[PDB]
Every structure is written in structure tokens, then in C-alpha cells.
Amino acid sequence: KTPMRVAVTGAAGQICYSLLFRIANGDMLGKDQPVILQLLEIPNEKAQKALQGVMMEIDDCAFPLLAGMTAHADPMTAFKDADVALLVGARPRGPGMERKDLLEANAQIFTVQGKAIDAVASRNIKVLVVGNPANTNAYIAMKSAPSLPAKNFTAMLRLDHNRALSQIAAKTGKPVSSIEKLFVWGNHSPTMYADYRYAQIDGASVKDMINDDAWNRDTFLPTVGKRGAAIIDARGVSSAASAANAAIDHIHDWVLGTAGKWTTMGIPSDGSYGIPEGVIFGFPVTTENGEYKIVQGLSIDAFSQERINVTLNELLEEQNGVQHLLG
């Protein structure tokens, strides 16, 4: 059938090296769906060269679903008629880079990329921001694309979700495949809040199996929250492969549906749970018909609104600092 055009940023980087071959393999949009990859890297020769080699490798796999693949240096061309956009490329916080130097640098990447998507991408393109700071970058891009619907601008909280999903199965000794209703609120940061209060394994309450809140506050939350750094402790390098799986999961679920299951998505707030509007935020959502839907009525206890507080604040902080680039 009609192949979709998938534009992916930072194509020559680590996440993409794991991400690109599974997209081409059909992991992200189904096995009966051909794809046209439109890759974007910075215009530097060493980046583009590397981007050339990666393309040579993708071909060397003989993927029957790959109906096309082009390399770009301009977002304006890489975003042309894109149905989906994975914004993985972002400016790393180098030596001397204060939090403010990061937000300012990345803001300028995302207003530009956001205006290009706004201009040439599909009128209902699904955007997903992986490059950090994910949530604030998805917001910038979203604000920079007034012709596109805000809800199409999401941020990946699915890595934190799959990591909380991993910790629980480990603790419960239960298959990770059977964990129902787990989710994550807020920012994709250690400040995130993995909420296990509603999760169930075989209908049984996960919270009640563990039957230990000290584990929750002291072990589950900090482990998930700092898992990324633990990967760097072991591997010496970031978590490319798992982040790339999360993005596959995010788009796959968003597009193909969760059939009732709850999942996590950094989406623009509609004011639910008291979260200010237009704030890209981790929310438990169910997907269907190509769209998400926030899970409502969840009881937010003292411990939770407190954690939801710290994560929203950090986000509000980041929004404040990138406002001046959104003139």
C-alpha cells in the first residue's frame, strides 16, 4: 500500500543507527506498510558522509518495505510531504554549557525545524521529539507550527515508561508483557514520576504485591529516574538502542493503537490534571484511530501531586527560558 514518508533527524547519530533499520524493517508502522525515509543531518561533510555510510548499510539489508531513502542537509527539503517526523537530532550540552546555553541552542534548532514542518510537511503530520530536552523541544516546535494541530506535537516519555515497566517485572518476577496500567507523568528527566498505583498483573494490583511504599519512593522511582545515567556507567555510552525501541513503540502505538491498554505520551496539555495548556506533558493515554486520549479520573494523592508538582515546575522553568526565542 501507499508508502508513508518518514522524515528522521540526526540520522547519522547513535539512536538512529538502531532506529532506522527497524523502521525500514517495518517495526514502526506495520509489516504491510512501505516507507520512504527522508534523513536529516547537519550540513557538515563529516556528518553527511557518515549519513551516506548509514544509507549504504540500510540498503545492504535488502529491506522489502523501504520504498525510498534520501539524505538531506536542509529541514525544508527533509520535511517535504512527511507523514511522520522523528526529531532525534538535538544539540548536546557540551563543556561550559549552562542549562541556559542548552535551551537557547536547542530552541534555535526547533523553531527552524518547526517552521519547516509547518511549511512543507503533511497537513496532519505526526511529530515526535526524541532529542533532548524532549518536552520543551516539542513545545518550541509546536509553537513554531501554527498551521499544524498542536496535538500532533509529542515528546517521548516511552523510554521512562518501558524502564518502569522493566523494574516492576523484575521486582514482581512477573512477565513485563503482563503489566497493565503503568504510566509516567511529566518531564522526560530524572524529575519524571513513574506511577505504579494503578498497574495490574493478571488483574492483580502491582502496588499491593510489592506491598512496600519504601520500595516505591526509595528504589523504583530513583532507579527508573536515573536509569539513563546507569547505562552510561556500564556501557560508557548513552542508551541508543532502548531509546530507539521506545520511539518505535511511541509511533507504533500512536498509529496502530493500544487496543485499550494505557501508555505514556508527552503531549500538549489540554488542562487535564490541572496541567497548564500547551505544556508538553507525560500523561497516561490510550490510543486509537490514529489519535491519543488522556486517561481521566485518576486519583492524585498528596505524594503524587507533589511529584507532579516538581516535574511541571521544571517544565514551566524550561518554557520560561525558551519564550524569548518564540517571538
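Each residue number is its position in the shown sequence, starting from 1.
Stretches 54-62 and 292-300 differ in mean CA B factor, with 292-300 having the higher one. Looking at 96-104 and 199-207 together, the entry lists the larger mean B-factor for 96-104, computed on C-alpha atoms. Among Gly89, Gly114, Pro75, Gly257, the highest C-alpha B-factor recorded in the PDB entry belongs to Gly114. In this entry, the residue among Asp83, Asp233, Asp253, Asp212 with the greatest C-alpha B factor is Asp233.
In this PDB entry, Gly131 carries a Cα temperature factor that places it within the lowest third of its chain's modelled residues. The deposited CA B-factor of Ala121 belongs to the lowest third of values across its chain. Per the PDB record, residue ranking by Cα B-factor puts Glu41 in the highest third of the chain. Per-chain ranking of the deposited C-alpha B factor places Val8 in the lowest third. The entry lists a Cα temperature factor for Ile168 that places it in the middle third of the chain's modelled residues.
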